[PDB]
Amino acid sequence: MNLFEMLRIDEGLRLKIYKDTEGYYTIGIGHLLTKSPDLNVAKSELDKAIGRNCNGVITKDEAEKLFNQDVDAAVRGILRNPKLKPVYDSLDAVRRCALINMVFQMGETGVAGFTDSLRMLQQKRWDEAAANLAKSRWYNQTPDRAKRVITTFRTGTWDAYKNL
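Residues numbered from 1 in each chain as written, not as in the entry; some residues may be left out. Heavy atoms only, no water.

Structure determination for this PDB entry was carried out by X-ray crystallography, with a resolution of 2.5 Å recorded in the header.

As annotated in the PDB entry, the chain carries the name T4 LYSOZYME and is attributed to Enterobacteria phage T4. Check the Subcellular location section of the UniProt entry for the chain; it says "Host cytoplasm". In its Sequence similarities section, UniProt records this for the chain: "Belongs to the glycosyl hydrolase 24 family." (UniProt positions renumbered as here; feature names shortened; annotations may be inferred.)

Shown next as structure tokens:
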């Protein structure tokens, strides 16, 4: 399965400049256009981003590029953090998608302050880490997503995404 799909399910794919929880113009799978309260700037950013005259609308094949981009940025930010690097680095392919899905949801910073759980993950105490995450505020905000991600950590499979 994939990150995209994964994010696709967890996040949601929007094809029209929409407003963030924070109120920042966003689009695709949580792709941020601008912090500027100006729709006319999201636009510009977008087009700037897309390479065409969008009109505040893109197309999936497009949301996925934005996506793949936004993704490798995250990853580099992950490797730059000296506190996320060892974990991520130790994780397997599927557990990594779980880290990423998190960074995405909370940024490289909010994620890095899961001092404990991170250690467990690093250590391989799947049930512990998970139990751990289960306590967070995070998990209390966005449960279904949290469940899936924790589960994936624990199990280390897509099972959590297979029968939605």
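A. Representation of the UniProt feature "binding site: substrate" in the chain within the structure. On the UniProt side, "binding site: substrate" is annotated at positions that read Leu 32, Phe 104, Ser 117 and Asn 132 here. Spanning 101 residues, the named residues are also spread out in space, since their farthest C-alpha pair is 30.2 Å apart. Mapped onto the elements, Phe 104 comes out in helix 5 (residues 93-112). In this structure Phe 104 comes out as buried when scored by relative accessible area, which is 18%. When near neighbours in sequence (up to four residues on either side) are disregarded, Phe 104 contacts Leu 7, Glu 11, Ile 29, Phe 67, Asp 70 and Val 71. Residue contacts for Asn 132: discarding those within four places in its chain leaves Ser 117 and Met 120. (Helix = DSSP H or I, 4+ residues; strand = E, 2+ residues; numbered from the N terminus. Buried < 20%, exposed > 50% of the residue type's maximum accessible area, 1.4 Å probe, protein only. Contact = heavy atoms within 4.5 Å.)

B. Spotlight on the packing of helix 1 (residues 3-10) against helix 3 (residues 60-80). In the contact formed by helix 1 and helix 3, the axes pass within 11 Å of each other and the chain directions differ by 105°. Taken together, helix 1 and helix 3 sit at an angle that is classed as roughly perpendicular. Residues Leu 3, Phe 4, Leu 7 and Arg 8 of helix 1 touch helix 3, and the partners they reach there are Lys 60, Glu 64, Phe 67 and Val 71. (Axes fitted to C-alpha atoms, helices over the stretch in contact; angles between N-to-C directions. Parallel < 35°, antiparallel > 145°, perpendicular 65-115°, else oblique.)

C. Region of the structure containing the packing of aromatic side chains. According to the stated counting rule, one finds four aromatic pairs in the structure shown. Each ring, one from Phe 4 and one from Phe 67, has its centre 5.4 Å from the other, and the planes form 50°; the classification is tilted. Of this pair, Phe 4 sits in helix 1 while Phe 67 sits in helix 3; the two residues are 63 residues apart in sequence, bridging distant segments of the chain. For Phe 4, a relative accessible area of 8% corresponds to the buried category. The interplanar angle of 75° and the centroid separation of 6.2 Å between the aromatic rings of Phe 114 and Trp 138 together place this pair among those described as edge-to-face. (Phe/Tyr/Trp six-rings, centres within 6.5 Å; stacked < 30°, edge-to-face > 60°.)

D. Spotlight on the pairing of strand 2 (residues 25-28). As paired elements, strand 1 (residues 14-19) and strand 2 share three bridges and run antiparallel to each other. Within strand 2, the residue paired with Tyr 18 across the bridge is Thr 26. The hairpin formed by strand 1 and strand 2 contains five residues between the paired strands, and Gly 23 there has a positive phi angle of roughly 90°. Linking strand 2 back to strand 3 (residues 31-34) in an antiparallel pair, the connection comprises two residues, with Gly 30 at a positive phi of about 50°. (Pairing = 2+ DSSP bridges.)

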